[PDB]
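All remarks here apply to the structure that follows.
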Amino acid sequence: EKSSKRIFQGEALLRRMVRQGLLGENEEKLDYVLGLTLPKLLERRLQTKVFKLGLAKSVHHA
Amino acid sequence: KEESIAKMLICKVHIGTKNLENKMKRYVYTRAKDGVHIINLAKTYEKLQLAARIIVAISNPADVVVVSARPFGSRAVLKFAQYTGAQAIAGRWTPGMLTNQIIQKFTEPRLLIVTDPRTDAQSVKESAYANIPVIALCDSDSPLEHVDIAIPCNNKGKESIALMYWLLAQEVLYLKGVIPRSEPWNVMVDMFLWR
Amino acid sequence: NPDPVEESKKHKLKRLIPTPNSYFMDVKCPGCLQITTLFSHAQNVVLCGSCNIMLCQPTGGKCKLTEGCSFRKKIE
Amino acid sequence: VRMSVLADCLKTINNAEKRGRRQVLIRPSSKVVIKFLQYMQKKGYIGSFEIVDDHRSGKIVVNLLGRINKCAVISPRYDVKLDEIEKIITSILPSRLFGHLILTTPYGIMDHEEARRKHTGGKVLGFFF
Amino acid sequence: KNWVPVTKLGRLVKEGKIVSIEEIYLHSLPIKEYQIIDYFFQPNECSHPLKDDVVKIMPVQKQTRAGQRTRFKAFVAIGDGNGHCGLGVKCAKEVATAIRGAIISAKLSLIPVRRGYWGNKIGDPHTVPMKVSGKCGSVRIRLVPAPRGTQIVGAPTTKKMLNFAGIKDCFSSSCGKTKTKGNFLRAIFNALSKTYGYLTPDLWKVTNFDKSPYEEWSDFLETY
Amino acid sequence: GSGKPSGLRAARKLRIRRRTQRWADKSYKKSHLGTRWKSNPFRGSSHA
Amino acid sequence: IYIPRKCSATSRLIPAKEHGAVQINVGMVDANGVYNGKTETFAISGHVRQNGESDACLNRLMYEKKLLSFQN
Amino acid sequence: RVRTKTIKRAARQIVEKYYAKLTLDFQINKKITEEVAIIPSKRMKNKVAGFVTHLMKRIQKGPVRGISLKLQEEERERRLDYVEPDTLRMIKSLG
RNA sequence: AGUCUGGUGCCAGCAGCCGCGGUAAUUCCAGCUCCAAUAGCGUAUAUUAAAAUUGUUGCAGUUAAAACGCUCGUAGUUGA
RNA sequence: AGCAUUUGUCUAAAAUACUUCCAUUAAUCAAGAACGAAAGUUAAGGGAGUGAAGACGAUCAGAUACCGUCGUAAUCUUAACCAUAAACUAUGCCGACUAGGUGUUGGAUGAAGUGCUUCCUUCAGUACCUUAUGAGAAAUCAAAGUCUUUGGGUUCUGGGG
């Protein structure tokens with residue numbers, strides 16, 4: 001902790017996760033980065049997003 | 001008070017056999033030039049009182065088992081069984097008894113009183129497999145494997161065994177509601193001895 | 001509990017604290033009665049002073065004196 | 001012959017603790033041993049100890065708490081970088097969180113946590129948990 | 001379901017004086033009747049199932065003048081998925097009987113694992129809280145803590161068994177004849193079993209003693 | 001006791017012992033010895 | 001999570017499945033030398049018992065709590 | 001020739017529930033077994049009666065290693081009703 | 001992922017390895033079905049991991065491979 | 001390796017005891033060296049018994065073997081060589097730590113049988129029995145223990161058949 005490289009790179013990586021939509025607002029710590037999990041990542045595919053939002057009637061249709 | 005010590009003293013319980021043994025070295029007073037070990041006694045009396053407190057502290061006395069397998073000690077333990085609430089098992093040990101749940105004879109006790117650890121050794125070992133602590137009448141030749149409170153005593157003399165049990169019984173009765181510490185107990189020492 | 005055990009004196013040379021079992025002795029010779037400094041465990045022959053008559057015979061133990069003589073310990 | 005004093009001392013302590021002896025007598029006292037026991041004492045993994053004098057190196061009698069699972073000495077005295085420390089601790093200690101890996105540094109003998117806080121590598125002495 | 005108890009501990013558990021399995025674990029008592037384990041973890045109206053699995057059935061033969069005399073040895077794994085594993089071994093004449101007996105043995109063996117975490121309080125437990133090693137025969141297995149950024153990095157067998165115990169993420173290693181399947185399982189079980197024996201900072205401090213169930217409910221046994 | 005040297009300057013002994021003992025292995029002998037390029041009919045080509 | 005017992009004699013953790021470990025309840029007296037309700041308790045590990053050192057350890061423990069007079 | 005477990009076991013059970021009636025005659029014992037037991041063969045009933053007679057005959061030379069009995073309870077009632085130098089030094093030392 | 005269907009019948013063959021094939025072949029030769037990966041998928045040879053079977057970390061040497069016949073001793077390594 | 005009659009002479013040796021001296025002089029050691037059973041070799045003696053070779057008589061389908069009778073070489077001393085042996089505790093050597101009891105050979109210290117004798121305590125040799133919540137693949141091992149909780153020092157060695 002407080003290591004210069006660590007604070008910089010960790011924050012930068014975490015910010016990138018926020019941009020991706022992998023971690024919510026409340027979480028902001030590296031153990032939630034470790035906590036990232038494969039369905040959570042798949043949930044951010046564009047096909048998935050369309051299926052959720054509508055437009056198509058099926059994942060395959062999307 | 002003195003009287004217990006004196007009554008014990010007149011009986012030959014102070015004469016341990018040969019073969020000192022390391023763990024009992026602290027309870028031996030000195031080896032007599034003859035080749036027998038004299039036993040402190042005073043420590044035995046204090047120890048005996050401690051043992052009485054642990055026996056008394058068990059609310060169900062039926063869960064307190066006496067065990068022996070020598071005829072001349074058998075009478076002593078049966079009498080002990082009559083006077084306190086403790087059940088004795090005398091004669092040949094049943095060597096599955098404590099470990100085996102489904103055997104007919106069974107018994108899962110809470111405490112064990114053993115007459116000679118060398119003699120009753122399987123019962124002592126079995127006791128260890130199911131968390132029973134074992135108070136022990138212990139002698140010159142005793143190992144102390146799985147025995148907690150060790151009571152120095154000659155275990156081999158019939159008078160010695162009888163005297164030892166008789167004092168133990170008297171202490172537990174005094175601790176209980178039976179008799180005030182002023183009065184001598186009614187039962188003869190002679191009553192617990194073999195015939 | 002080996003920090004301060006008193007009756008350890010009986011153990012071999014090399015205990016908790018080194019201590020020699022060897023000491024010096026104030027000795028005097030019967031019938032000649034002069035004081036002499038002498039060593040319990042003396043390794044060579046030991047004479048009385050006025051006329052050289054042997055006192056102690058050396059041998060590989062504690063040394064055996066003579067049948068006579070009287071011995072104080074010469075520790076301070 | 002003995003060579004490094006320290007290794008015998010921990011080996012002796014460790015046997016006593018595994019055995020359940022409560023107190024134990026470490027035979028060849030030294031400056032390093034005093035520092036090691038005192039360091040162990042500071043972080044509460046061993047009790048009070050009496051160094052009894054002689055005139056030939058003393059002896060020490062150390063009170064065990066019934067708490068040391070394992071203590072040993074790393075030999076030879078490997079050099080180790082401040083950077084390397086994480087890889088050492090991961091290798092040796094039973095957990096990242098607890099137990100201590102002990103070094104000798106220009107700023108004195110201390111565990112890794114202290115070294116990390118300070119700065120300075122050094123040589124690795126031993127460890128306990 | 002609702003059997004007649006053989007012994008005092010069993011009788012107390014049937015009646016419901018004994019709160020939960022922790023109490024008997026606390027006083028390290030011999031959990032002789034399988035019913036005791038079964039009552040605490042009965043699969044409905046309780047927090048989590050006990051899940052069985054036959055891990056390995058192996059043929060063994062005595063060899064006689066007449067012929068072979070084939071018995072079936074069976075290794076079975078039981079686990080709650082939340083802190084309790086059990087390793088059961090039964091050798092019997094015929095297969096279905098052997099499996100059934102093995103499940104009984106597995107329930108009897110049941111041990112609580114200590115669980116902890118790699119870094120911080122902000123997760124519930126997820127790994128083996130310090131390095132623990134269990135040996136049996138040739139084969140020595142070491143469980144070593146890993147961050148949650150992991151799964152169980154181990155042998156199929158280790159993964160299954162550790163998962164059964166309810167430890168999510170670990171680094172594992174092994175040395176010796178892992179192919180001797182039973183021994184490997186026993187070694188794994190011993191390694192898991194050792195976990196609550198360790199003594200660590202979380203447990204340095206002194207504490208009090210609860211009364212033993214045999215003393216706390218002495219009256220309730222004495223009445224029968 | 002431990003049987004291998006340990007010392008802070010003992011690197012020489014460790015290198016020399018390992019270097020010789022490497023020649024014990026069957027696989028290693030096949031890879032590093034000259035016999036290979038001779039007795040192999042394809043001369044260590046995959047195909048022919 | 002549960003908290004396992006730690007030994008009175010050895011200060012060490014009592015295993016989950018040990019069976020060799022025991023809780024010995026020692027009764028206090030009332031002033032007359034008759035049995036009080038209350039109990040000073042000791043927990044003795046399997047390990048000292050298996051060795052056979054239990055009496056010696058127990059004696060020192062009793063002295064520390066101030067029950068047995070003589071110590072060792 | 002001897003007697004098997006089934007025979008001996010039965011022999012022990014009789015006496016156990018009918019000691020008072022049983023007696024030192026074989027024919028009377030045989031009459032008692034015929035009344036008491038459920039055995040279906042003549043030869044077997046006789047065999048049991050013979051062995052019960054033999055056990056009854058055996059008793060009155062102390063215990064038969066089985067069967068609770070009133071006679072024992074009564075018997076139990078009949079059954080129930082200076083020093084060495086260093087040892088002196090020890091007594092002196094204690095006080 | 002097949003005790004499915006035909007042909008062969010110790011032959012033809014398969015089979016890294018264990019093994020399969022002597023008349024019901026869950027392994028051949030087919031057909032049918034099923035399965036793995038997929039615009040990629042097989043095979044060979046080399047090479048790294050697996051190998052804590054080259055071992056500093058980190059092996060083994062009573063009996064499985066392995067303590068020099070024994071001792072002194074220079075270099076070496078190690079040294080209250 | 002090996003060493004058992006008597007006495008003498010020349011030699012070494014270890015333990016003990018030591019308020020004696022020196023003050024790290026050490027530990028293990030590739031290179032190199034000393035010694036190195038038995039057989040065998042070379043040379044002189046020597047030559048009883050034993051006895052590879054060999055010769056016979058048997059035994060056996062056969063017997064160049066087991067068994068039998070005889071019998072060279074070798075076996076013995078001196079003087080050279082040879083350098084291996086299941087040259088075996090099949091356990092490298094030094095160093096610390098662990099656990100009892102039974103002994104025993106060698107000293108030294110105290111006390112108790114008739115100066116001497118014995119026992120106690122204690123060293124150093126040295127075995128055994130029990131015990132290992134020690135170890136080991138087990139047999140078993142007080143070292144093969146103090147080990148995946150892996151590092152007191154070091155020489156040598158092994159890596160499927």
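Residues are named by chain letter and number: chains run A, B, ... in the order of the structure tokens, numbers start at 1 in each chain, and ligands are numbered from 1 in the order shown.
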
Residues of chain D within 9 Å of chain I, counting only C-alpha atoms (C1' of nucleotides), as a PyMOL selection string: chain D and resi 1-5+28+91

Okay, now the selection with N, CA and C atoms, as a PDB file, in the first residue's frame?
ATOM      1  N   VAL D   1      32.175 -30.350  14.839  1.00  0.00           N
ATOM      2  CA  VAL D   1      32.125 -29.054  15.608  1.00  0.00           C
ATOM      3  C   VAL D   1      30.841 -28.297  15.313  1.00  0.00           C
ATOM      4  N   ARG D   2      30.429 -27.332  16.155  1.00  0.00           N
ATOM      5  CA  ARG D   2      29.132 -26.693  16.033  1.00  0.00           C
ATOM      6  C   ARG D   2      28.873 -25.874  14.773  1.00  0.00           C
ATOM      7  N   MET D   3      29.861 -25.099  14.285  1.00  0.00           N
ATOM      8  CA  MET D   3      29.599 -24.006  13.359  1.00  0.00           C
ATOM      9  C   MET D   3      28.515 -23.060  13.860  1.00  0.00           C
ATOM     10  N   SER D   4      27.568 -22.591  13.024  1.00  0.00           N
ATOM     11  CA  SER D   4      26.663 -21.531  13.449  1.00  0.00           C
ATOM     12  C   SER D   4      25.816 -21.851  14.674  1.00  0.00           C
ATOM     13  N   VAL D   5      26.005 -21.065  15.743  1.00  0.00           N
ATOM     14  CA  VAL D   5      25.361 -21.190  17.032  1.00  0.00           C
ATOM     15  C   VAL D   5      23.858 -21.188  16.941  1.00  0.00           C
ATOM     16  N   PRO D  28      24.926 -22.677  24.052  1.00  0.00           N
ATOM     17  CA  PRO D  28      26.056 -21.799  23.784  1.00  0.00           C
ATOM     18  C   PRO D  28      25.502 -20.419  23.510  1.00  0.00           C
ATOM     19  N   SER D  91       7.530 -18.383  -0.687  1.00  0.00           N
ATOM     20  CA  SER D  91       8.138 -19.693  -0.574  1.00  0.00           C
ATOM     21  C   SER D  91       8.166 -20.327   0.813  1.00  0.00           C
TER      22      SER D  91
END

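The set of residues in chain G assigned to strand (DSSP E) by DSSP, using only backbone atoms of this structure, is residues 22, 23, 24, 25, 26, 27, 28, 29, 35, 36, 37, 38, 39, 40, 41, 42, 43 and 44 of chain G.
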
Could you write out that same residue set with C-alpha atoms as a short mmCIF file (atom, residue, chain, number, x, y, z; two decimals), in the first residue's frame?
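Generated file (selection_21.cif):
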data_model
loop_
_atom_site.label_atom_id
_atom_site.label_comp_id
_atom_site.auth_asym_id
_atom_site.auth_seq_id
_atom_site.Cartn_x
_atom_site.Cartn_y
_atom_site.Cartn_z
CA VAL G 22 -10.56 -34.73 28.72
CA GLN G 23 -12.22 -32.13 30.93
CA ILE G 24 -11.65 -32.84 34.62
CA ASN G 25 -14.04 -31.02 36.97
CA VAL G 26 -12.62 -30.44 40.46
CA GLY G 27 -15.18 -29.58 43.14
CA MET G 28 -14.79 -26.71 45.52
CA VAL G 29 -15.77 -27.14 49.16
CA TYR G 35 -19.03 -30.15 48.49
CA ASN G 36 -20.02 -26.75 47.07
CA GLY G 37 -21.87 -26.55 43.72
CA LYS G 38 -18.97 -24.84 41.90
CA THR G 39 -16.08 -26.41 39.95
CA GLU G 40 -12.58 -25.47 38.85
CA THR G 41 -12.12 -27.14 35.48
CA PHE G 42 -9.03 -28.26 33.63
CA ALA G 43 -8.66 -29.44 30.06
CA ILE G 44 -5.99 -32.03 29.48
#

Counting only C-alpha atoms, which residues of chain B come no farther than 7 Å from chain G, as a PyMOL selection string? chain B and resi 53-54+57+128-133+144-150+174-176

Could those selected residues go to a file with N, CA and C atoms, as a PDB file, in the first residue's frame?
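Written out: selection32.pdb:
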ATOM      1  N   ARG B  53     -12.824 -35.210  45.698  1.00  0.00           N
ATOM      2  CA  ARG B  53     -13.478 -34.072  45.084  1.00  0.00           C
ATOM      3  C   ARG B  53     -13.905 -34.310  43.646  1.00  0.00           C
ATOM      4  N   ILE B  54     -13.054 -34.910  42.794  1.00  0.00           N
ATOM      5  CA  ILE B  54     -13.477 -35.180  41.429  1.00  0.00           C
ATOM      6  C   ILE B  54     -14.594 -36.203  41.347  1.00  0.00           C
ATOM      7  N   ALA B  57     -17.816 -34.341  42.492  1.00  0.00           N
ATOM      8  CA  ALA B  57     -18.263 -33.425  41.472  1.00  0.00           C
ATOM      9  C   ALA B  57     -19.069 -33.972  40.286  1.00  0.00           C
ATOM     10  N   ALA B 128      -9.316 -44.430  27.255  1.00  0.00           N
ATOM     11  CA  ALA B 128      -8.715 -43.376  26.471  1.00  0.00           C
ATOM     12  C   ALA B 128      -9.353 -43.155  25.098  1.00  0.00           C
ATOM     13  N   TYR B 129     -10.013 -44.169  24.513  1.00  0.00           N
ATOM     14  CA  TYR B 129     -10.600 -44.044  23.193  1.00  0.00           C
ATOM     15  C   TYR B 129     -11.911 -43.271  23.196  1.00  0.00           C
ATOM     16  N   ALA B 130     -12.460 -42.952  24.375  1.00  0.00           N
ATOM     17  CA  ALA B 130     -13.760 -42.340  24.489  1.00  0.00           C
ATOM     18  C   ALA B 130     -13.780 -41.354  25.638  1.00  0.00           C
ATOM     19  N   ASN B 131     -12.679 -40.605  25.795  1.00  0.00           N
ATOM     20  CA  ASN B 131     -12.551 -39.456  26.669  1.00  0.00           C
ATOM     21  C   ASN B 131     -12.886 -39.637  28.137  1.00  0.00           C
ATOM     22  N   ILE B 132     -12.399 -40.706  28.770  1.00  0.00           N
ATOM     23  CA  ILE B 132     -12.596 -40.884  30.189  1.00  0.00           C
ATOM     24  C   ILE B 132     -11.255 -40.679  30.869  1.00  0.00           C
ATOM     25  N   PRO B 133     -11.103 -39.915  31.945  1.00  0.00           N
ATOM     26  CA  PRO B 133      -9.783 -39.420  32.332  1.00  0.00           C
ATOM     27  C   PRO B 133      -9.002 -40.402  33.185  1.00  0.00           C
ATOM     28  N   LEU B 144       2.039 -45.030  33.721  1.00  0.00           N
ATOM     29  CA  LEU B 144       1.002 -44.038  33.959  1.00  0.00           C
ATOM     30  C   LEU B 144       0.270 -43.677  32.676  1.00  0.00           C
ATOM     31  N   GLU B 145       0.361 -44.532  31.639  1.00  0.00           N
ATOM     32  CA  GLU B 145      -0.278 -44.326  30.352  1.00  0.00           C
ATOM     33  C   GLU B 145      -1.771 -44.067  30.451  1.00  0.00           C
ATOM     34  N   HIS B 146      -2.193 -42.855  30.052  1.00  0.00           N
ATOM     35  CA  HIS B 146      -3.548 -42.364  30.156  1.00  0.00           C
ATOM     36  C   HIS B 146      -4.167 -42.383  31.548  1.00  0.00           C
ATOM     37  N   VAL B 147      -3.400 -42.104  32.616  1.00  0.00           N
ATOM     38  CA  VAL B 147      -3.985 -41.897  33.930  1.00  0.00           C
ATOM     39  C   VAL B 147      -3.734 -40.476  34.371  1.00  0.00           C
ATOM     40  N   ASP B 148      -4.756 -39.813  34.933  1.00  0.00           N
ATOM     41  CA  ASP B 148      -4.660 -38.401  35.230  1.00  0.00           C
ATOM     42  C   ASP B 148      -4.268 -38.203  36.668  1.00  0.00           C
ATOM     43  N   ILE B 149      -5.172 -38.443  37.635  1.00  0.00           N
ATOM     44  CA  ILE B 149      -4.786 -38.311  39.021  1.00  0.00           C
ATOM     45  C   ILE B 149      -4.263 -39.648  39.481  1.00  0.00           C
ATOM     46  N   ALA B 150      -2.993 -39.664  39.894  1.00  0.00           N
ATOM     47  CA  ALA B 150      -2.334 -40.855  40.349  1.00  0.00           C
ATOM     48  C   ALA B 150      -2.259 -40.849  41.866  1.00  0.00           C
ATOM     49  N   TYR B 174     -18.107 -37.856  53.503  1.00  0.00           N
ATOM     50  CA  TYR B 174     -17.957 -36.583  54.186  1.00  0.00           C
ATOM     51  C   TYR B 174     -18.274 -35.385  53.312  1.00  0.00           C
ATOM     52  N   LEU B 175     -17.760 -35.362  52.073  1.00  0.00           N
ATOM     53  CA  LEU B 175     -18.084 -34.334  51.115  1.00  0.00           C
ATOM     54  C   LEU B 175     -19.566 -34.252  50.801  1.00  0.00           C
ATOM     55  N   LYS B 176     -20.196 -35.392  50.503  1.00  0.00           N
ATOM     56  CA  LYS B 176     -21.632 -35.535  50.472  1.00  0.00           C
ATOM     57  C   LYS B 176     -22.326 -35.232  51.806  1.00  0.00           C
TER      58      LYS B 176
END

Neighbour list for residue 58 in chain A as a PDB file with C-alpha atoms, in the first residue's frame, cut-off 10 Å, only C-alpha atoms (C1' of nucleotides), skip fewer than 6 positions in-chain:
ATOM      1  CA  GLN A  47     -25.179  -9.466 -28.503  1.00  0.00           C
ATOM      2  CA  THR A  48     -26.147  -9.984 -24.844  1.00  0.00           C
ATOM      3  CA  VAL A  50     -29.157  -6.278 -27.480  1.00  0.00           C
ATOM      4  CA  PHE A  51     -31.020  -9.380 -26.274  1.00  0.00           C
ATOM      5  CA  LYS A  52     -31.585  -7.739 -22.906  1.00  0.00           C
TER       6      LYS A  52
END

Would you kindly return, as a ChimeraX atom specification, each protein, DNA or RNA residue with an atom no farther than 7 Å from any atom of residue 174 in chain E, considering only C-alpha atoms (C1' of nucleotides) and excluding same-chain residues fewer than 2 positions away? /E:140-142,172,176

For N, CA and C atoms, I'd like the residues from the last selection saved as a CSV table (one decimal), in the first residue's frame.
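As a result, selection.csv now contains:
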chain,number,residue,atom,x,y,z
E,140,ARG,N,2.1,-37.7,-0.6
E,140,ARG,CA,1.9,-36.6,0.3
E,140,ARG,C,1.3,-35.4,-0.5
E,141,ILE,N,0.2,-34.9,0.0
E,141,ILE,CA,-0.5,-33.8,-0.6
E,141,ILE,C,-0.5,-32.6,0.3
E,142,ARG,N,-0.1,-31.4,-0.3
E,142,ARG,CA,-0.1,-30.1,0.3
E,142,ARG,C,-1.1,-29.2,-0.2
E,172,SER,N,-2.5,-26.5,-5.0
E,172,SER,CA,-2.2,-27.8,-4.5
E,172,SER,C,-0.9,-28.3,-5.1
E,176,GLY,N,4.7,-38.4,-5.1
E,176,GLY,CA,4.5,-39.8,-4.9
E,176,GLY,C,3.4,-40.3,-5.8
